[PDB]
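Enquirer: Build me a structure from this.
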Amino acid sequence: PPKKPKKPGXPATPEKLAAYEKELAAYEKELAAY
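Expert: Numbers count the residues shown, from 1 in each chain. For reference, the structure is listed below:
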């Protein structure tokens, strides 16, 4: 089972937020595929 990506806290730059969104989307796809 795919582990849920953790949220970048503190010094979180827009790119890492976008990365969190993309990785969360990947989580959704892999979770749905699971």
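Enquirer: mind listing the strands in this protein by residue range?
Expert: Counting by DSSP state E, the chain has no strands to list.
Enquirer: now the helices: where do they sit in it?
Expert: 14-33 (DSSP state H).
Enquirer: Let me see the contact set for residue 31.
Expert: Neighbour list for residue 31: residue 2 [criterion: CB atoms under 8 Å, 6 or more residues apart in numbering]. The way it works is simple: take the backbone N, C-alpha and C, and place the C-beta from them, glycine included.
Enquirer: now the closest residue to residue 2 other than its chain neighbours: how far from residue 11?
Expert: Distance criterion CB to CB, 6 or more residues apart in numbering; nearest residue to residue 2, sequence neighbours excluded, is residue 30 at 4.5 Å. According to CB to CB, to the nearest Å, residue 30 stands 28 Å off from residue 11.
Enquirer: So if I had to pick from those two, which one is more boxed in?
Expert: Neighbour totals were compared for residue 30 and residue 11, and residue 30 leads with 12 against 6 (other CB atoms under 10 Å).
Enquirer: List the residues that contact residue 2.
Expert: By CB under 8 Å, 6+ apart, the residues touching residue 2 are 27, 30, 31, 34.
Enquirer: so how far is residue 2 from the closest residue to residue 4 other than its chain neighbours?
Expert: Distances taken as CB to CB, 6+ apart place residue 27 nearest to residue 4, at 6.0 Å, with adjacent residues excluded. For residue 27, the distance to residue 2 equals 6 Å [CB to CB].
Enquirer: so how many other residues sit close to the closest residue to residue 23 other than its chain neighbours?
Expert: Excluding the flanking residues, the one nearest residue 23 by CB to CB, 6+ apart is residue 5, at 4.4 Å. Residue 5: 14 surrounding residues under other CB under 10 Å.
Enquirer: what do you get for residue 3?
Expert: Residue 3 sits with 7 neighbouring residues when counted by other CB under 10 Å.
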